[PDB]
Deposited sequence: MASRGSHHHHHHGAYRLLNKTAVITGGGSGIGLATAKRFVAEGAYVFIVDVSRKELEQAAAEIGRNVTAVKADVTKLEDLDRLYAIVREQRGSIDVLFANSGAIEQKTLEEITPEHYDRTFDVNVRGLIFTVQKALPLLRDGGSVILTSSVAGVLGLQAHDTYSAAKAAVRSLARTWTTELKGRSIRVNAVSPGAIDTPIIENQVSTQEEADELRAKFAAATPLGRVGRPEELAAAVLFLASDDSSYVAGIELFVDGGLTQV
């Protein structure tokens, strides 16, 4: 009944949207969860909503020193990590001719750099046999107007799942990417989507649970699309 019973999870971008829904589903599956996000208020809100088996950590994942502090706290409170959901994502729309150094640095900092160090700094705490879920996107295999740097960064995220799969294999740590389509997070995607609707954060959390749990024990390096068929037809 409790597919994650007594496992320790760390979830970044855990103050809202898909991170928050995964946190809630994880606690329901018997996990202890760390939610990590930038906004104090949102973390307090999110933790109260989760209500049990949860520590909230204020951290900007793009800042290395913030990650060291995160992982000291994790070390102190629970001692190790069974599941890491390295969830990050910020989309700013700009076409090629509109891109600035600035737009670029911010897109890649948040979507790639901070993901890379999130996972790097977590290695000393990851148990052998553990599971890492990277958030990529449908955008990482599409050519969408004005999504130049976002799509490119999320294709970078999916690649990291293959490299890490090779690198961490000696510790039996699985690394997989989840690639959400349109998720209803606080229409064109809905139009071309076979299931005919945006997905719910609940549905994305369920897909990450699979990747998190022993049910995906032979599943490694994959890109799991959770996009109601958007990219598959």
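Comparing the deposited sequence with the modelled residues shows gaps at 1-13, 200-215, with numbering starting at 1.
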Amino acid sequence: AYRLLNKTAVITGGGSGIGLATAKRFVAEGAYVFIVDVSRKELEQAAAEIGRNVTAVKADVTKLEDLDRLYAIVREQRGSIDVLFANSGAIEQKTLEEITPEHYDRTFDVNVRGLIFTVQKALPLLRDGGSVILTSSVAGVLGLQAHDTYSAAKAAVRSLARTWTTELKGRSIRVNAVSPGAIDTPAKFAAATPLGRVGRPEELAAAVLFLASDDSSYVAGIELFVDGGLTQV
From here on, numbers count along this sequence of modelled residues.
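For the pair 99-107 and 127-135, the mean B factor over Cα atoms is greater in 99-107. Between 69-77 and 158-166, it is 69-77 that carries the larger average Cα temperature factor according to the deposited entry. Based on the entry's C-alpha B-factors, the most elevated value among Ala90, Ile116, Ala153, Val83 belongs to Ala90.
Among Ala205, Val61, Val178, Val175, the highest C-alpha B-factor recorded in the PDB entry belongs to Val61. In the PDB entry, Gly221 places in the lowest third of its chain by CA B-factor. When the CA B factors of the chain's modelled residues are split into thirds, the value for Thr22 lands in the lowest one. When the CA B factors of the chain's modelled residues are split into thirds, the value for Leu5 lands in the highest one.
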